[PDB]
There are 4 protein chains.
Amino acid sequence: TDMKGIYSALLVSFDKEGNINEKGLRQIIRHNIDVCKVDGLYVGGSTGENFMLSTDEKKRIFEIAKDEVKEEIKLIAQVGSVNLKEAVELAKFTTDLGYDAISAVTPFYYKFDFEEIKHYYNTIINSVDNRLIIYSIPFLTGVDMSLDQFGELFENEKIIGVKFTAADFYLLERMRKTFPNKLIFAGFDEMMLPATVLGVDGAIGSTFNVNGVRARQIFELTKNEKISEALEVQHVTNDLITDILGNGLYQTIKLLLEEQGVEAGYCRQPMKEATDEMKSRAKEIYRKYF
Amino acid sequence: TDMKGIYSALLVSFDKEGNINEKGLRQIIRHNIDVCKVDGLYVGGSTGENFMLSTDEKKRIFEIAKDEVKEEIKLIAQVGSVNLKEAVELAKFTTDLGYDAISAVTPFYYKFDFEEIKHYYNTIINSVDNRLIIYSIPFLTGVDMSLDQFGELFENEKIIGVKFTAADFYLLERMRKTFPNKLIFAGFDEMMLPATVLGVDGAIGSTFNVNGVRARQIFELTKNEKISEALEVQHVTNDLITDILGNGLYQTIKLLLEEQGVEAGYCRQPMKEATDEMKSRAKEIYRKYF
Amino acid sequence: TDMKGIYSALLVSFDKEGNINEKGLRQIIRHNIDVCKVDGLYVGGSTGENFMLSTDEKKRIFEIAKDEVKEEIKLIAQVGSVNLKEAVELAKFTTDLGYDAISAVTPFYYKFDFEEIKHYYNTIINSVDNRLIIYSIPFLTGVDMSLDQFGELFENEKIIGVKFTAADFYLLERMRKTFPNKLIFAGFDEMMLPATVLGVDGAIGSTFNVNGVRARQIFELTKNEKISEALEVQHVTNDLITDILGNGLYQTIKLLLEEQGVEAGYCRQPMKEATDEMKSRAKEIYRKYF
Amino acid sequence: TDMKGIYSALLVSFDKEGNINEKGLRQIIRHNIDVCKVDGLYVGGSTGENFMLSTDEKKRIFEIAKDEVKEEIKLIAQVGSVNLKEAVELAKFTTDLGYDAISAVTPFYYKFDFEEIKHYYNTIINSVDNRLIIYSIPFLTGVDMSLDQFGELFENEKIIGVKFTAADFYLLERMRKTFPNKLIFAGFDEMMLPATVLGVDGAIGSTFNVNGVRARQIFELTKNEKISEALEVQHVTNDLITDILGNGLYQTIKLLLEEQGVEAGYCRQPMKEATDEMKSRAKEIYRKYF
């Protein structure tokens, strides 16, 4: 299965108490497929509040996602964790469920050296019959890998690509050039245009859950070299993203989904419950960009 | 239970497969009590490789520690996690086990604002009938709180203190003065002398698992104002820590324990296995300091 | 005078003792004008080793560049300094010499708040009959200004633009959209392509002293929306920049110039003298890209 | 001359326009010697707004300080600069004036490697018949040197010590132990107590310009190992420093001197002029501590 394309980092629906709302999650999934029209879903990423969940909850979410989606769009399961044993168990679980590929965030919290990071990745991919995408998000994990390091990880053919969520376009350009046979996904929605001209094979974002169409326009207009048109879309998109970040990223994307009849619900505590100011602000944003 | 004193951030023993060696763990605990003469154990912290473990593993460790220690020394359980639900679960579990106090690291990975950090802490301590200590350590989490932010936290009389794992002696001095009714624990073993003269109520450290005696000498001598003597101990203590750091912190402390018949074992992967060089080196360190 | 275009951050030639080599400076100037065909020169920047010089040395460089250029291409004078009085003295000197515009890096070393930085820029621009361009460069000064702060600075119509030397393409995109009437120059040579698709009005770089042709191509090709070709030139350019960076930026560009008969000379101590290895490598680089 | 002791980072008096107020400068000096009872003056440091001045102004201040002090107390001259040539010039100038020792901040702004920093320091001290004190302060420079690098620097017998202005007490302890023959000066006034128990040979501070008496008390009490008393004075001193920082470090110190008939004057622009609020707040602080 060719993985190129646009992927929504799947949001998960929780009730006020933090319980997973399967009905809501299924709606979010449906919205992404029928309304946002994304090529696939990225399940278990930062966007899905993955790290605030128990392993059994992670498995439930992977199950629901695969069940609702079936074979319509593609699926990438993020199974990274500070607990390698958990990451290995989740790789087998999602590989069995039929996920088209798996992804793993660089191990964090503790300060592992590269040798250890490599051991981590190889142990994950070498345990299942699947393909792995390296999840690199430096501003959260604090881990920054060089070009040669990525080269070492790529030694393994089962490691097919990387999700580049860093503002280093010099490194991105070097990656594109040094690894022509590897997939590179843009991780910053507000920087989709400059990333696409550097040759990314797709994008994985949290805002795609509601701004999927514009996202595809930017990506497509650019690939067709209608830059001035692409920049204009990126402009509106960034006006949208700016209000979202200003009003609380996750709460707001969910409130924007609610406005569309999707029961995206709450975020897991300690992520604040949306205030009245936030809800009213989220309503305005919907009126202005949708 | 007055919580002042010297606490070892309990190391855990793992077999070659990475699974908990209970016999080894009990020996580590016994070594701390009978040989290092520590006043208590800080269970579930970074030193215990806590964040690389599953919830069941954390629980088993909490039980083993309580069962082996019983009432001999004080016990603080670090139940912090990015998963607040798990944090509350472990808070109750350990409280039901008779732990003298609980501790929680600042929620990491995602970027939480103070309001949220304060909610996280209130939720934990308000769910059980115990006392909580704030685990700050910003060099791993990246979360730096101000004096007033600590004040807001200390607005809950069930939050009795803080484990200061920072090198800001200005903030340290401010807190000792601003909260004379709260406990303050030094977190940097190599800076024990300079922190004690500022009036901390004790220390929580990783190297205490083997260097507990010298740690007590630094702590006591300093409290008795025999600074010139406390410094000489700190000097030897720092020579030891410098060598342990250069050879691999966790792997070396365990190898130093193995040298004494304590089955400390391996470290949880992806933390590397000790090499022949490291093992030979650990032996040299043992002969030079023990 | 319309300031859009490709500007080389002028390098200065020094002999082994640190003396300004005038003959060599004029050759560097001629090379940029006659061979690299740049649209202008950015004098007194980091690349010109400006902050390692005395005020009168800076003055000599400004007069030399002015004289040698005649009226062939445009000229921008970097007059910023920790000493506001020197900045004002230099702004008047260069304005009187006929420089098309002045530039000023944010005051560094001491930690100034925005109010003070605003007073800094206003004091400079209000002292002369000229136009100013903000020199940001966050990695050497550690100063990060928000979009709103830039908004204030731009209140002054004499502050016509900013040299963007940061990797924040989100801020870049917002800058373009929010200030359509202000000039925005890219300061990162290895990211010219992604910066151009975002609407920058030109670029100011150190590598243009030798790669001005390819740099212009990347700019024009992108403007004409011929992305594929633009990316190819960026790739070869970044191959060059990577090698240069690995060998020693300033010393290597100067050695690349020496290979062409331009006596670019040494760098000012404490910047090291090129070693035999660096010189050998420099030759290889010249052969490979020129 | 033995350079141990309490040194005040000498403040400079400026008039509203920014001109050196020679009269007020002599009063600041007399105050430090007669009222603050310091052992010496550290001239031309950050506190002296040294980096916002021209070489001629720096020399003038050096002349005034030497003329006013005569041979009463010791004098250290900070001659560091991004311009190696200027530093050498100032090193000769101050040596000729009979300064007891010189000091040099690490070369900043540009990213010099260690080899180059070593060259910089050797060039300065090998140029005069004097002794040199390394000035670290990574808070404003961003230059972090290791124990081994300080080792190479100390290879030169003429490099007699280092002014430590970082919060790394680990490095401080290692330094004291590793270089028993070298001088170590504490640079953080609000951390004098914890630093002195580690064996620093003295201190250099900005707040000594008005708090020299208390500063001496902390230093001497700690040296006598009367910690409890030392901590009490550090507590009051830190209340003072906290108010000062809150109201504007440099402005407030000068205003506190004004209340005492010392024409400390203004700060050099772009450092903001004291507001009315600031001025009244300064009077309060004065009443509250003097």
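Any read-out appearing in this document is the output of simple, stated calculations on the displayed coordinates, not a laboratory observation. Reconstructed Cβ throughout: ideal geometry from the backbone, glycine too, with neighbour counts over all protein chains shown.
At a glance:
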read-out	value
Some residue of region B:159-169 being more than 21 Å from B:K74 (Cα to Cα) and over 21 Å from the mean Cα position of the chain (by Cα)	no
Test: residue in region D:216-225 that is within 12 Å of another protein chain (Cβ to nearest Cβ) and among the hydroxyl-bearing types (S, T, Y)	yes
Among the residues listed as B:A65, B:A104, the single one being surrounded by 24 or more Cβ atoms within 10 Å (Cβ to Cβ) and without any contact (Cβ under 8 Å) to a residue 40 or more places away in the chain	B:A104
The lone exception for B:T1 - which of (1) of a type in the set (S, T, Y); (2) crowded, with 22+ Cβ neighbours inside 10 Å; (3) out of contact with any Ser or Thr (no Cβ under 7 Å at 6 or more places or on another chain) it fails	(2)
Search result, residues across region B:7-37 that are farther than 29 Å from B:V82 by Cβ and either β-branched (V, I, T) or surrounded by 24 or more Cβ atoms within 10 Å (Cβ to Cβ) (or both)	B:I33, B:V35
Residue match in region C:11-23 (condition: over 21 Å from C:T94 (Cα atoms), within 14 Å of another protein chain (Cβ to nearest Cβ) and either under 11 Å from the mean Cα position of the chain (by Cα) or among the polar types (S, T, N, Q) (or both))	yes
Residues (crowded, with 22+ Cβ neighbours inside 10 Å and of a type in the set (A, V, I, L, M, F, W, C)) located in region C:215-226	C:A215, C:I218, C:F219
Hits in region B:212-256 (condition: closer than 25 Å to A:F112 by Cβ and touching a strand residue (DSSP E or B) at 6+ places or on another chain (Cβ under 9 Å))	B:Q251, B:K254
Single residue of B:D34, B:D56 found to be within 14 Å of another protein chain (Cβ to nearest Cβ) and without any contact (Cβ under 8 Å) to a residue 12 or more places away in the chain	B:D56
Identity of the residue in region C:245-290, among the hydroxyl-bearing types (S, T, Y) and without any contact (Cβ under 8 Å) to a residue 24 or more places away in the chain, that ends up farthest from C:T47 (Cα to Cα)	C:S280
Yes/no for B:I160 being touching a strand residue (DSSP E or B) at 6+ places or on another chain (Cβ under 6 Å), in contact (Cβ under 8 Å) with a residue 24 or more places away in the chain and not small (G, A, S)	yes
Single match in A:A282, A:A230 (criterion: hydrophobic (A, V, I, L, M, F, W, C), touching a helix residue (DSSP H, G or I) at 6+ places or on another chain (Cβ under 8 Å) and away from chain C (no Cβ under 12 Å))	A:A282
Tally, over region D:83-100, of residues that are more than 10 Å from every other protein chain (Cβ to nearest Cβ) and under 24 Å from C:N247 (Cα atoms)	0
Answer residue from region D:101-137, given it is under 20 Å from the mean Cα position of the chain (by Cα) and assigned to a helix (DSSP H, G or I) and is farthest from the other protein chains (Cβ to nearest Cβ) among those	D:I125
Identity of the residue in region A:260-271, buried (at least 17 other Cβ atoms within 10 Å of the Cβ) and more than 14 Å from chain B (Cβ to nearest Cβ), that ends up nearest to the chain's Cα centre (by Cα)	A:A264
Any hit, region D:164-174, residues being surrounded by 17 or more Cβ atoms within 10 Å (Cβ to Cβ), of a type outside the set (A, V, I, L, M, F, W, C), over 25 Å from D:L41 (Cβ atoms) and in contact (Cβ under 8 Å) with a residue 24 or more places away in the chain	yes
D:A77 being closer than 30 Å to D:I218 by Cα and either of a type in the set (A, V, I, L, M) or at the interface with chain C (Cβ under 9 Å from one of its Cβ atoms) (or both)	yes
Any hit, region D:141-153, residues being outside any loop (DSSP other than H, G, I, E, B), acidic (D, E) and either buried (at least 21 other Cβ atoms within 10 Å of the Cβ) or away from chain C (no Cβ under 14 Å) (or both)	yes
Given (1) over 16 Å from B:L172 (Cα atoms); (2) more than 8 Å from chain B (Cβ to nearest Cβ); (3) surrounded by fewer than 22 Cβ atoms within 10 Å (Cβ to Cβ); (4) touching a residue at least 12 places away in the same chain (Cβ under 8 Å), index of the condition D:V236 fails	(1)
Among (1) more than 19 Å from the chain's Cα centre (by Cα); (2) over 28 Å from B:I20 (Cα atoms) - the single one B:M191 does not satisfy	(1)
So B:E49, is it within 12 Å of chain A (Cβ to nearest Cβ) and farther than 22 Å from A:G18 by Cβ	yes
Scope region D:239-279; condition aliphatic (A, V, I, L, M) and touching a helix residue (DSSP H, G or I) at 6+ places or on another chain (Cβ under 8 Å); matching residues	D:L240, D:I241, D:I244, D:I253, D:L255, D:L256, D:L257, D:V262, D:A264, D:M271, D:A274, D:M278
